[PDB]
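**Student:** Take this structure first; my questions come after.
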Amino acid sequence: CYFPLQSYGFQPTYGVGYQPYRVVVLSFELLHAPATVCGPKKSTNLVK
Amino acid sequence: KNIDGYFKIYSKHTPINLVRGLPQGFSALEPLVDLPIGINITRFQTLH
Ligand SMILES: *[C@@H]1O[C@H](CO)[C@@H](O)[C@H](O)[C@H]1NC(C)=O
């Protein structure tokens with residue numbers, strides 16, 4: 001019989017790679033419905 | 001309207017004095033707002 005989880009126990013003494021890290025995965029979908037998140041559009045000073 | 005995946009609203013406000021019908025004379029609706037929602041629509045329902 002096993003509990004399917006196992007805990008971390010992060011202590012400040014642990015070594016690099018054995019320490020805690022905070023992680024994000026950035027994911028997106030394309031063209032299936034209208035584009036509704038996009039990068040910012042750079043701009044130039046107005047000339048006349 | 002719901003066209004190419006955007007839902008659009010246009011609207012106008014006028015004070016009137018005709019007792020129980022839609023008025024004579026001309027006015028045009030300016031666009032109110034536009035929503036990039038990407039949903040199918042086939043029916044609608046007013047709220048009191
Ligand atoms: C929208 O509704 C119609 C009528 O049920 C259906 O034929 C059509 O496949 C639907 N389209 C989408 C993208 O939901």
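Residues are named by chain letter and number: chains run A, B, ... in the order of the structure tokens, numbers start at 1 in each chain, and ligands are numbered from 1 in the order shown.
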Would you list the contacts of residue 42 in chain B as a PDB file with N, CA, C and O atoms, in the first residue's frame, taking every protein, DNA or RNA residue within 12 Å and counting only C-alpha atoms, but skipping same-chain residues closer than 2 positions in sequence?
**Tutor:**
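part11.pdb was written with the following content:
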```
ATOM      1  N   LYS B   1     -24.965  42.836 -33.726  1.00  0.00           N
ATOM      2  CA  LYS B   1     -24.460  41.913 -34.759  1.00  0.00           C
ATOM      3  C   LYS B   1     -23.353  41.022 -34.213  1.00  0.00           C
ATOM      4  O   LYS B   1     -22.614  41.448 -33.334  1.00  0.00           O
ATOM      5  N   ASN B   2     -23.179  39.831 -34.784  1.00  0.00           N
ATOM      6  CA  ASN B   2     -22.080  38.911 -34.482  1.00  0.00           C
ATOM      7  C   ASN B   2     -21.415  38.443 -35.787  1.00  0.00           C
ATOM      8  O   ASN B   2     -21.922  37.536 -36.446  1.00  0.00           O
ATOM      9  N   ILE B  39     -18.101  33.604 -29.862  1.00  0.00           N
ATOM     10  CA  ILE B  39     -19.175  32.650 -29.525  1.00  0.00           C
ATOM     11  C   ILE B  39     -20.220  32.559 -30.643  1.00  0.00           C
ATOM     12  O   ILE B  39     -20.528  33.552 -31.303  1.00  0.00           O
ATOM     13  N   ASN B  40     -20.785  31.370 -30.842  1.00  0.00           N
ATOM     14  CA  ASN B  40     -21.980  31.174 -31.663  1.00  0.00           C
ATOM     15  C   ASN B  40     -23.195  31.847 -30.991  1.00  0.00           C
ATOM     16  O   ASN B  40     -23.340  31.760 -29.774  1.00  0.00           O
ATOM     17  N   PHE B  44     -31.842  35.080 -28.354  1.00  0.00           N
ATOM     18  CA  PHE B  44     -31.640  36.097 -27.331  1.00  0.00           C
ATOM     19  C   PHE B  44     -32.900  36.364 -26.504  1.00  0.00           C
ATOM     20  O   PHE B  44     -34.006  35.953 -26.856  1.00  0.00           O
ATOM     21  N   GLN B  45     -32.720  37.032 -25.371  1.00  0.00           N
ATOM     22  CA  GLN B  45     -33.716  37.161 -24.318  1.00  0.00           C
ATOM     23  C   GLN B  45     -33.571  38.508 -23.619  1.00  0.00           C
ATOM     24  O   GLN B  45     -32.528  38.783 -23.041  1.00  0.00           O
TER      25      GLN B  45
END
```
**Student:** Give me the residues within 12 Å of residue 36 in chain A as a ChimeraX atom specification, counting only C-alpha atoms and dropping any in the same chain fewer than 4 places off.
**Tutor:** /A:28-32 /B:5-6,35-38
**Student:** Any chance you could export the current selection's C-alpha atoms as a short mmCIF file (atom, residue, chain, number, x, y, z; two decimals), in the first residue's frame?
**Tutor:**
```cif
data_model
loop_
_atom_site.label_atom_id
_atom_site.label_comp_id
_atom_site.auth_asym_id
_atom_site.auth_seq_id
_atom_site.Cartn_x
_atom_site.Cartn_y
_atom_site.Cartn_z
CA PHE A 28 -0.78 29.70 -25.90
CA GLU A 29 -3.17 28.76 -28.72
CA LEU A 30 -3.27 30.16 -32.26
CA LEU A 31 -5.94 31.11 -34.88
CA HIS A 32 -8.79 28.82 -33.52
CA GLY B 5 -16.27 36.32 -34.26
CA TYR B 6 -16.81 39.86 -32.86
CA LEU B 35 -16.57 42.47 -27.96
CA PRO B 36 -13.97 39.89 -29.34
CA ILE B 37 -15.95 37.00 -27.77
CA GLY B 38 -15.82 34.30 -30.55
#
```
**Student:** Run DSSP on the backbone of this structure and report the residues of chain B it assigns to strand (DSSP E or B), as a PyMOL selection string.
**Tutor:** chain B and resi 2-3+6-11+30-35
**Student:** Residues of chain A were defined as contacting chain B if any atom lay at most 9 Å from it, counting only C-alpha atoms; please report them as a short mmCIF file (atom, residue, chain, number, x, y, z; two decimals) with N, CA and C atoms, in the first residue's frame.
**Tutor:**
```
data_model
loop_
_atom_site.label_atom_id
_atom_site.label_comp_id
_atom_site.auth_asym_id
_atom_site.auth_seq_id
_atom_site.Cartn_x
_atom_site.Cartn_y
_atom_site.Cartn_z
N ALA A 33 -9.73 30.91 -32.66
CA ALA A 33 -10.68 31.99 -32.39
C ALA A 33 -9.92 33.34 -32.41
N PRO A 34 -10.57 34.52 -32.51
CA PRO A 34 -9.89 35.77 -32.86
C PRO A 34 -8.82 36.20 -31.84
N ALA A 35 -7.70 36.75 -32.33
CA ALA A 35 -6.53 37.06 -31.51
C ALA A 35 -6.82 38.14 -30.46
N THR A 36 -6.57 37.82 -29.20
CA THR A 36 -7.10 38.56 -28.04
C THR A 36 -6.08 38.69 -26.89
#
```
**Student:** Which residue out of B:28, B:47, B:41, B:22 has the minimum interatomic distance to residue 3 in chain B when only C-alpha atoms are used?
**Tutor:**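 Smallest distance to residue 3 in chain B is found for B:41.
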**Student:** Quote the spacing between CA of residue 7 in chain B and CA of residue 32 in chain B in Å to one decimal place.
**Tutor:**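 Separation between CA of residue 7 in chain B and CA of residue 32 in chain B: 11.2 Å.
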